[PDB]
Amino acid sequence: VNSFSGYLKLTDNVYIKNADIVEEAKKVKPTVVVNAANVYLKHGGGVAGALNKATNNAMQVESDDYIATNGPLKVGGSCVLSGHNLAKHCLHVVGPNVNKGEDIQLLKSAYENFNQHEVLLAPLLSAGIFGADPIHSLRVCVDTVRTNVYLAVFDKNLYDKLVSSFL
Ligand SMILES: C[C@@H](O)[C@H](CO)Nc1ncnc2[nH]ccc12
Ligand SMILES: [Cl-]
């Protein structure tokens with residue numbers, strides 16, 4: 001039993017809700033919140049910009065030190081950093097950005113990072129401003145993640161579309 005509330009159950013381990021991931025994280029304070037990161041951990045817009053803003057830019061400061069030490073992530077890769085005031089940990093995961101020409105096949109690799117954590121709050125990877133089809137992202141999530149994932153979909157219209165089309 002966990003403290004996530006109001007989610008629709010899609011499969012044994014995948015759940016979905018129309019919600020602002022920032023407000024969800026502030027309420028639940030999960031062990032792991034997933035950020036829709038880029039390889040430079042530059043949290044400018046979309047989920048990343050919103051999460052970072054909610055940390056008063058502390059996420060960006062921590063991320064800049066991470067990059068200065070380790071260099072960029074790989075597309076499909078991840079790193080674990082602090083969750084600041086939002087969660088215990090933030091799993092920064094880089095899905096392919098279609099608006100950059102990156103290989104959508106890497107979306108499965110991106111979701112594989114979730115399997116290293118028993119429970120996560122997360123967005124749909126490569127959706128939104130990353131330019132991939134969210135219906136496809138949800139399908140890859142369900143077919144790749146085996147741990148317990150609570151998906152927050154900001155757009156109510158898209159949420160209704162994802163549920164009604166879910167196979
Ligand atoms: C891009 C997809 O992940 C989804 C599409 O609606 N975007 C979001 N989902 C949840 N919380 C969010 N906070 C800011 C953006 C956002
Ligand atoms: Cl977005």
# chains A, B, ... in the order shown; residues from 1 in each chain; ligands from 1
>>> residues_near_ligand(ligand="ligand 1", cutoff="8 Å", atoms="only C-alpha atoms and all ligand atoms", output="short mmCIF file (atom, residue, chain, number, x, y, z; two decimals) with N, CA and C atoms, in the first residue's frame")
data_model
loop_
_atom_site.label_atom_id
_atom_site.label_comp_id
_atom_site.auth_asym_id
_atom_site.auth_seq_id
_atom_site.Cartn_x
_atom_site.Cartn_y
_atom_site.Cartn_z
N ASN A 18 -4.68 12.21 -14.59
CA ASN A 18 -4.56 13.57 -15.12
C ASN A 18 -4.12 14.47 -13.98
N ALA A 19 -2.84 14.86 -13.98
CA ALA A 19 -2.32 15.60 -12.84
C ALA A 19 -1.08 16.37 -13.25
N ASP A 20 -0.83 17.45 -12.51
CA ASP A 20 0.40 18.22 -12.59
C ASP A 20 1.45 17.51 -11.73
N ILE A 21 2.51 17.01 -12.37
CA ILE A 21 3.50 16.20 -11.66
C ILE A 21 4.14 16.98 -10.52
N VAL A 22 4.27 18.30 -10.67
CA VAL A 22 4.82 19.12 -9.59
C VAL A 22 3.91 19.07 -8.37
N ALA A 36 11.83 14.41 -16.96
CA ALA A 36 12.02 14.36 -18.41
C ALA A 36 13.22 15.24 -18.78
N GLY A 46 8.93 22.35 -20.24
CA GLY A 46 8.25 21.09 -20.03
C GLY A 46 8.31 20.68 -18.57
N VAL A 47 8.26 19.37 -18.35
CA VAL A 47 8.34 18.83 -16.99
C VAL A 47 9.59 19.33 -16.28
N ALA A 48 10.74 19.29 -16.96
CA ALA A 48 12.00 19.64 -16.30
C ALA A 48 11.98 21.08 -15.82
N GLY A 49 11.54 22.01 -16.67
CA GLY A 49 11.47 23.39 -16.24
C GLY A 49 10.54 23.57 -15.06
N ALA A 50 9.41 22.85 -15.07
CA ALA A 50 8.45 22.94 -13.98
C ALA A 50 9.00 22.36 -12.68
N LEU A 51 9.60 21.17 -12.73
CA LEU A 51 10.19 20.61 -11.52
C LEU A 51 11.27 21.54 -10.98
N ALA A 122 6.04 9.53 -12.40
CA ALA A 122 6.72 9.80 -13.65
C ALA A 122 5.82 10.43 -14.70
N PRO A 123 6.39 11.18 -15.64
CA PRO A 123 5.69 11.58 -16.86
C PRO A 123 5.91 10.55 -17.96
N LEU A 124 5.14 10.69 -19.03
CA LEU A 124 5.38 9.92 -20.24
C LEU A 124 6.63 10.44 -20.96
N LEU A 125 7.63 9.58 -21.07
CA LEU A 125 8.90 9.97 -21.67
C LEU A 125 8.72 10.28 -23.14
N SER A 126 9.44 11.30 -23.60
CA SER A 126 9.47 11.78 -24.97
C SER A 126 8.16 12.43 -25.40
N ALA A 127 7.17 12.55 -24.52
CA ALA A 127 5.92 13.24 -24.83
C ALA A 127 6.12 14.75 -24.68
N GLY A 128 5.03 15.49 -24.83
CA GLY A 128 5.10 16.93 -24.71
C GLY A 128 6.09 17.52 -25.69
N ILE A 129 6.91 18.45 -25.20
CA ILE A 129 7.85 19.18 -26.06
C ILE A 129 8.97 18.31 -26.61
N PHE A 130 9.09 17.04 -26.18
CA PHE A 130 10.03 16.12 -26.81
C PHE A 130 9.49 15.52 -28.11
N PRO A 134 2.38 10.45 -27.64
CA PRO A 134 2.17 9.98 -26.26
C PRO A 134 1.50 8.62 -26.17
N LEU A 151 1.89 7.32 -13.40
CA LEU A 151 2.08 8.26 -14.50
C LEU A 151 1.16 9.47 -14.34
N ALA A 152 1.74 10.66 -14.39
CA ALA A 152 1.00 11.92 -14.32
C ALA A 152 0.98 12.53 -15.71
N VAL A 153 -0.22 12.75 -16.24
CA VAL A 153 -0.43 13.36 -17.55
C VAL A 153 -1.04 14.73 -17.32
N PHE A 154 -0.30 15.80 -17.65
CA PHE A 154 -0.76 17.16 -17.34
C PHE A 154 -2.02 17.53 -18.12
N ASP A 155 -2.07 17.20 -19.40
CA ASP A 155 -3.16 17.65 -20.27
C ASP A 155 -4.38 16.75 -20.09
N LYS A 156 -5.49 17.33 -19.62
CA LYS A 156 -6.69 16.54 -19.39
C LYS A 156 -7.21 15.93 -20.69
N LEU A 158 -5.49 15.05 -23.32
CA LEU A 158 -4.64 13.93 -23.69
C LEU A 158 -4.86 12.74 -22.78
N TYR A 159 -5.01 12.99 -21.48
CA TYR A 159 -5.31 11.91 -20.55
C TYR A 159 -6.52 11.10 -21.00
#
>>> residues_around(residues="residue 23 in chain A", least_positions_apart="4", cutoff="10 Å", atoms="only C-alpha atoms", output="list in words")
residues 19, 27, 28, 29, 51, 54 and 86 of chain A
>>> select_by_dssp(residues="chain A", states="strand (DSSP E)", output="PyMOL selection string")
chain A and resi 8-9+14-18+32-36+78-82+89-93+119-122+148-153
>>> closest_residue(among="A:55, A:115, A:164, A:38", to="residue 145 in chain A", atoms="only C-alpha atoms")
A:115
>>> closest_residue(among="A:16, A:58, A:44, A:97", to="residue 162 in chain A", atoms="only C-alpha atoms")
A:16
>>> closest_residue(among="A:53, A:146, A:88, A:100", to="residue 118 in chain A", atoms="only C-alpha atoms")
A:146
>>> atom_distance(atom1="CA of residue 90 in chain A", atom2="CA of residue 103 in chain A")
24.4 Å
>>> closest_residue(among="A:31, A:138, A:165, A:121", to="residue 7 in chain A", atoms="only C-alpha atoms")
A:121
>>> select_by_dssp(residues="chain A", states="helix (DSSP H, G or I)", output="ChimeraX atom specification")
/A:21-28,46-54,58-70,98-100,106-116,128-130,134-144,156-165
>>> residues_around(residues="residue 92 in chain A", least_positions_apart="3", cutoff="8 Å", atoms="only C-alpha atoms", output="list in words")
residues 34, 35, 36, 37, 41, 78, 79, 80 and 81 of chain A
>>> write_last_selection(atoms="N, CA, C and O atoms", output="compact mmCIF listing (two decimals), in the first residue's frame")
# COMPACT_ATOMS: atom_id res chain seq x y z
N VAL A 34 10.46 11.06 -11.46
CA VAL A 34 11.21 11.04 -12.71
C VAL A 34 11.12 12.40 -13.38
O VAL A 34 10.03 12.97 -13.52
N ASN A 35 12.28 12.93 -13.79
CA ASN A 35 12.35 14.11 -14.63
C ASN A 35 12.55 13.71 -16.08
O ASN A 35 13.32 12.79 -16.38
N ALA A 36 11.83 14.41 -16.96
CA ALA A 36 12.02 14.36 -18.41
C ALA A 36 13.22 15.24 -18.78
O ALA A 36 13.09 16.40 -19.17
N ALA A 37 14.41 14.67 -18.63
CA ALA A 37 15.67 15.39 -18.74
C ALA A 37 16.19 15.40 -20.17
O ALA A 37 15.78 14.62 -21.03
N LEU A 41 21.23 18.12 -18.69
CA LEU A 41 20.47 18.47 -17.50
C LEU A 41 20.19 19.97 -17.43
O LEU A 41 20.29 20.60 -16.37
N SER A 78 20.25 7.79 -17.72
CA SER A 78 19.69 8.42 -16.54
C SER A 78 20.77 8.65 -15.50
O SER A 78 21.86 8.08 -15.55
N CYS A 79 20.42 9.48 -14.51
CA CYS A 79 21.20 9.57 -13.29
C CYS A 79 20.24 9.85 -12.13
O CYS A 79 19.16 10.42 -12.33
N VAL A 80 20.65 9.44 -10.93
CA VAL A 80 19.91 9.70 -9.71
C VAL A 80 20.52 10.89 -9.00
O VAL A 80 21.72 10.89 -8.67
N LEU A 81 19.71 11.92 -8.76
CA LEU A 81 20.12 13.09 -8.00
C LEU A 81 19.10 13.32 -6.89
O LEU A 81 18.16 12.54 -6.70
>>> residues_around(residues="residue 14 in chain A", least_positions_apart="3", cutoff="6 Å", atoms="only C-alpha atoms", output="VMD selection string")
chain A and resid 10 to 11 149
>>> write_last_selection(atoms="C-alpha atoms", output="compact mmCIF listing (two decimals), in the first residue's frame")
# COMPACT_ATOMS: atom_id res chain seq x y z
CA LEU A 10 -3.94 0.14 -16.55
CA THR A 11 -2.01 -3.08 -15.79
CA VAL A 149 4.87 3.37 -12.02
>>> atom_distance(atom1="CA of residue 39 in chain A", atom2="CA of residue 93 in chain A")
8.7 Å
>>> atom_distance(atom1="CA of residue 64 in chain A", atom2="CA of residue 119 in chain A")
26.6 Å
>>> residues_around(residues="residue 87 in chain A", least_positions_apart="6", cutoff="8 Å", atoms="only C-alpha atoms", output="ChimeraX atom specification")
/A:25-26,29-33
>>> closest_residue(among="A:167, A:67, A:1, A:73", to="residue 135 in chain A", atoms="only C-alpha atoms")
A:167
>>> residues_around(residues="residue 77 in chain A", least_positions_apart="5", cutoff="8 Å", atoms="only C-alpha atoms", output="PyMOL selection string")
chain A and resi 93-95+109-110+113
>>> closest_residue(among="A:108, A:76, A:133, A:150", to="ligand 2", atoms="only C-alpha atoms and all ligand atoms")
A:133
>>> decode(residues="range 90-103 of chain A", atoms="N, CA and C atoms", output="PDB file, in the first residue's frame")
ATOM      1  N   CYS A  90      15.391  12.296  -7.366  1.00  0.00           N
ATOM      2  CA  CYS A  90      14.937  12.531  -8.730  1.00  0.00           C
ATOM      3  C   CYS A  90      15.747  11.661  -9.679  1.00  0.00           C
ATOM      4  N   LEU A  91      15.052  10.811 -10.429  1.00  0.00           N
ATOM      5  CA  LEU A  91      15.652  10.048 -11.516  1.00  0.00           C
ATOM      6  C   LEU A  91      15.511  10.862 -12.797  1.00  0.00           C
ATOM      7  N   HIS A  92      16.621  11.449 -13.248  1.00  0.00           N
ATOM      8  CA  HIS A  92      16.647  12.218 -14.490  1.00  0.00           C
ATOM      9  C   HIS A  92      16.823  11.234 -15.632  1.00  0.00           C
ATOM     10  N   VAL A  93      15.817  11.104 -16.497  1.00  0.00           N
ATOM     11  CA  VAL A  93      15.824  10.135 -17.591  1.00  0.00           C
ATOM     12  C   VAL A  93      15.732  10.888 -18.905  1.00  0.00           C
ATOM     13  N   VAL A  94      16.608  10.554 -19.849  1.00  0.00           N
ATOM     14  CA  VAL A  94      16.641  11.204 -21.153  1.00  0.00           C
ATOM     15  C   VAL A  94      15.942  10.307 -22.170  1.00  0.00           C
ATOM     16  N   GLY A  95      14.716  10.660 -22.537  1.00  0.00           N
ATOM     17  CA  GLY A  95      14.085  10.063 -23.685  1.00  0.00           C
ATOM     18  C   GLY A  95      14.559  10.746 -24.952  1.00  0.00           C
ATOM     19  N   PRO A  96      14.423  10.095 -26.104  1.00  0.00           N
ATOM     20  CA  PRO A  96      14.749  10.781 -27.361  1.00  0.00           C
ATOM     21  C   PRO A  96      13.832  11.977 -27.605  1.00  0.00           C
ATOM     22  N   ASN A  97      14.423  13.072 -28.091  1.00  0.00           N
ATOM     23  CA  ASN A  97      13.688  14.276 -28.480  1.00  0.00           C
ATOM     24  C   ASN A  97      13.532  14.264 -29.998  1.00  0.00           C
ATOM     25  N   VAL A  98      12.308  13.980 -30.457  1.00  0.00           N
ATOM     26  CA  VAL A  98      12.044  13.888 -31.890  1.00  0.00           C
ATOM     27  C   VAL A  98      12.318  15.216 -32.577  1.00  0.00           C
ATOM     28  N   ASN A  99      12.098  16.328 -31.880  1.00  0.00           N
ATOM     29  CA  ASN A  99      12.398  17.629 -32.463  1.00  0.00           C
ATOM     30  C   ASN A  99      13.899  17.883 -32.603  1.00  0.00           C
ATOM     31  N   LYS A 100      14.743  16.935 -32.176  1.00  0.00           N
ATOM     32  CA  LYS A 100      16.180  16.962 -32.426  1.00  0.00           C
ATOM     33  C   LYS A 100      16.633  15.874 -33.391  1.00  0.00           C
ATOM     34  N   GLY A 101      15.722  15.034 -33.878  1.00  0.00           N
ATOM     35  CA  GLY A 101      16.087  13.960 -34.784  1.00  0.00           C
ATOM     36  C   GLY A 101      16.594  12.700 -34.120  1.00  0.00           C
ATOM     37  N   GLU A 102      16.262  12.473 -32.851  1.00  0.00           N
ATOM     38  CA  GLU A 102      16.789  11.333 -32.113  1.00  0.00           C
ATOM     39  C   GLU A 102      15.919  10.090 -32.300  1.00  0.00           C
ATOM     40  N   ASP A 103      16.560   8.926 -32.181  1.00  0.00           N
ATOM     41  CA  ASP A 103      15.958   7.653 -32.568  1.00  0.00           C
ATOM     42  C   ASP A 103      14.897   7.230 -31.556  1.00  0.00           C
TER      43      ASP A 103
END
